[PDB]
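Novice:
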Amino acid sequence: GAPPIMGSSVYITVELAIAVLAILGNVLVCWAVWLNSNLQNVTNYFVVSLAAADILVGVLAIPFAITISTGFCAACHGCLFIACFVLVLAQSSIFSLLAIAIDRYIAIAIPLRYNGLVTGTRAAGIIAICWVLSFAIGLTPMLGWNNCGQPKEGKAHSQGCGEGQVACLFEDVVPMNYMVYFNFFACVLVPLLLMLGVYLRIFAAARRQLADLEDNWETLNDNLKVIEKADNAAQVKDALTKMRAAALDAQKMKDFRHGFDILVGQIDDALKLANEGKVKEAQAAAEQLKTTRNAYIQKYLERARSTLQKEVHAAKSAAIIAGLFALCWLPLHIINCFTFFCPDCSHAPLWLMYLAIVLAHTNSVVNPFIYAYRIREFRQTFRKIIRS
Ligand SMILES: CC(C)CCC[C@@H](C)[C@H]1CC[C@H]2[C@H]3CC=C4C[C@@H](O)CC[C@]4(C)[C@@H]3CC[C@]12C
Ligand SMILES: CC(C)CCC[C@@H](C)[C@H]1CC[C@H]2[C@H]3CC=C4C[C@@H](O)CC[C@]4(C)[C@@H]3CC[C@]12C
Ligand SMILES: CC(C)CCC[C@@H](C)[C@H]1CC[C@H]2[C@H]3CC=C4C[C@@H](O)CC[C@]4(C)[C@@H]3CC[C@]12C
Ligand SMILES: CCCCCCCC/C=C\CCCCCCCC(=O)OC[C@H](O)CO
Ligand SMILES: Nc1nc(NCCc2ccc(O)cc2)nc2nc(-c3ccco3)nn12
Ligand SMILES: CCCCCCCC/C=C\CCCCCCCC(=O)O
């Protein structure tokens, strides 16, 4: 058996390295948003929220994990706080990730009402409640759901703890049914599945909105090819009725209104020419639609096409952040599941326990890199602060 202090030394060095990167990179996220006003949205108030959580992982959670791994003698309720504080920070990140997903869904499904419905004053309100809730979930073991009442007193005496003290070790004070049923299943896993669903609806609503754009546009010009080589007033009449409905449907800030104001006007009067039975001037009236089409309506579907793609790009960046949360945190939850559901199994070896803790702590480093690679406003603000 190698002295504990050398394996301890690798663990502690890596933990400290992670803390440094967690705080540095996430202090940059908070500085970017404070300085650049283009980055001050409700969306970014939640990203500043989870950057705060990531900062306090480095400043508090990682120092707590280093000390909890020594088994130091302590009063059991003080042990519980050292052991559970990181669950607060994890819960807070789950709420922040959930909020940005709902925000991005509101943005895409009802852009009309978005600015009305979502506002930075209520956002700050939601954020406070989410932190209060996060303390409640994460420190529930302190309200009595703990093993403090049945200490492992042989281990306390070996360490020579004083009276009332335990050897402070995570799996000794925190019950595993808390961790698996309450923490993992109810508070982590259910919210993640909800996120999954929100992101599915977002990409679905963006895909069918693009389809509706391209449908209205191919509806516009096939009708025109129909008027083109028609027979009589009655089918030009139909080919322009299908156009105008498609115009008003596609309509749902001043040069855009003109382009449709002309288009429907041009359709409208070709309609009355058709009704009065004049066929080929009703034709002739319907092909400088072709002109308004090239000068106006196709810049509309193009920049409309351009904006939905940005929103999908923004929603995929957010999805990556949530996926990496799940990746980095599930292994540890899965191990707890084995510990709890299979008492016939050998406990996961100590080196794997600490690999899993280290990997969950690593999640606090990755988000700043995801912003810098994926959102240009963040990337250029990072560059501007660094050079200066
Ligand atoms: C705002 C920030 C800077 C303050 C951080 C406060 C932390 C460091 C404080 C708050 C509560 C503290 C202790 C709570 C009670 C106990 C039990 C005792 O037997 C050992 C010390 C121990 C385990 C704690 C040590 C650290 C402690 C956790
Ligand atoms: C990418 C993420 C989500 C998947 C992670 C899968 C990891 C966490 C899985 C893969 C294999 C798993 C277990 C395989 C079997 C053993 C031996 C058993 O006595 C304790 C649990 C233990 C030690 C494993 C626990 C964790 C485990 C390592
Ligand atoms: C990954 C996301 C989508 C869902 C999480 C699935 C988890 C809850 C699933 C995946 C693998 C599962 C089990 C794998 C095999 C074993 C050994 C058995 O003796 C007790 C159940 C136990 C320990 C697992 C229980 C939980 C289990 C870990
Ligand atoms: C805002 C920035 C401020 C930064 C804040 C720094 C965070 C504190 C660091 C580590 C806390 C862990 C300290 C707990 C260690 C206690 C050890 C102990 O209690 O020794 C007792 C002995 O074993 C017999 O009682
Ligand atoms: N099971 C567990 N253990 C620890 N530390 C104890 C690692 C260990 C496990 C057994 C042992 O004999 C000595 C040390 N931290 C832990 N953190 C979590 C956790 C936090 C959030 C989700 O799971 N689980 N967890
Ligand atoms: C930005 C400020 C961050 C503050 C970090 C403080 C650094 C503390 C580093 C590790 C603390 C480990 C304490 C060891 C536990 C006591 C040992 C024992 O009781 O046996």
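Numbering (PDB author numbering), first residue to last: -1 to 208, 1001 to 1042, 1058 to 1106, 219 to 305.
Beta carbons are placed, not taken as given, at the ideal position from N, Cα and C, and that holds for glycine.
#1: Give a yes or no on whether the C-beta atoms belonging to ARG120 and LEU1010 are separated by under 8 Å.
#2: Give the straight-line distance between the Cα atoms of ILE1017 and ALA1087, rounded to the nearest whole angstrom.
#3: Where do the N-terminal and C-terminal ends of the beta strand (DSSP E) with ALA73 fall, by residue?
#4: Tell me whether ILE237, by its Cβ, gets closer than 7 Å to a heavy atom of ligand 2.
#5: Could you name the residues of the same chain whose beta carbon sits closer than 8 Å to that of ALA289, not counting the 5 residues immediately before and after it, in chain order?
#6: With a cut-off of 8 Å on the beta carbons, I'd call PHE83 and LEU58 a contact; round off their distance for me.
#7: According to the Cβ coordinates, are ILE106 and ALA204 closer than 8 Å?
#8: Is the number of C-beta pairs between the stretch 46 to 65 and the stretch 6 to 26 that are closer than 8 Å three or more?
#9: Is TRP1007 buried or exposed, if buried means 16 or more other CB atoms sit within 10 Å of its CB?
#10: Between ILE292 and the rest of its own chain, which residues show a CB-CB distance below 7 Å, the 5 nearest in sequence each way excluded?
#11: Between which residues of its own chain and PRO149 is the CB-CB distance below 6 Å, once the five residues before and five after are set aside?
#12: Give the list of continuous beta strand (DSSP E) stretches no shorter than 3 residues that lie fully inside the stretch 232 to 300.
#13: Spell out a yes or no on whether the stretch 176 to 187 and the stretch 149 to 159 are touching, meaning 3 or more CB-CB pairs, one atom from each, closer than 8 Å.
#14: Determine, using beta-carbon pairs with one atom in the stretch 221 to 229 and one in the stretch 275 to 284, whether at least three such pairs fall under 8 Å.
#15: Please report the straight-line C-alpha distance between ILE3 and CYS185, rounded to a whole angstrom.
Specialist: Answer, in terms of the structure:
#1: It is not a contact, given that the beta carbons lie outside the stated cut-off.
#2: Their backbone Cα atoms lie some 9 Å apart in a straight line.
#3: For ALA73, the enclosing beta strand (DSSP E) covers residues 71 to 73.
#4: No - ligand 2 has no heavy atom lying nearer than 7 Å to the Cβ of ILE237.
#5: Excluding sequence positions up to five before and after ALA289, its CB lies within less than 8 Å of the CB of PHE295, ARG296 and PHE299, all in the same chain and listed in chain order.
#6: Under the criterion of beta carbons closer than 8 Å, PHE83 and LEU58 qualify as touching, at roughly 6 Å.
#7: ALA204 sits close to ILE106, with the two beta carbons spaced by under 8 Å.
#8: Taking a contact to require three or more Cβ pairs closer than 8 Å, the stretch 46 to 65 and the stretch 6 to 26 qualify as touching.
#9: Buried, by the Cβ-count rule.
#10: Same-chain partners within the cutoff: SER234.
#11: Apart from the 5 residues on each side of it in sequence, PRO149 sits with its Cβ closer than 6 Å to the Cβ of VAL164 in its chain, given in chain order.
#12: Secondary structure remark: continuous beta strand (DSSP E) runs of at least 3 residues inside the stretch 232 to 300: none found.
#13: The stretch 176 to 187, when compared against the stretch 149 to 159, does not touch it at the 8 Å Cβ threshold.
#14: Output reads no: the stretch 275 to 284 does not touch the stretch 221 to 229.
#15: Straight-line Cα distance between these residues: approximately 36 Å.
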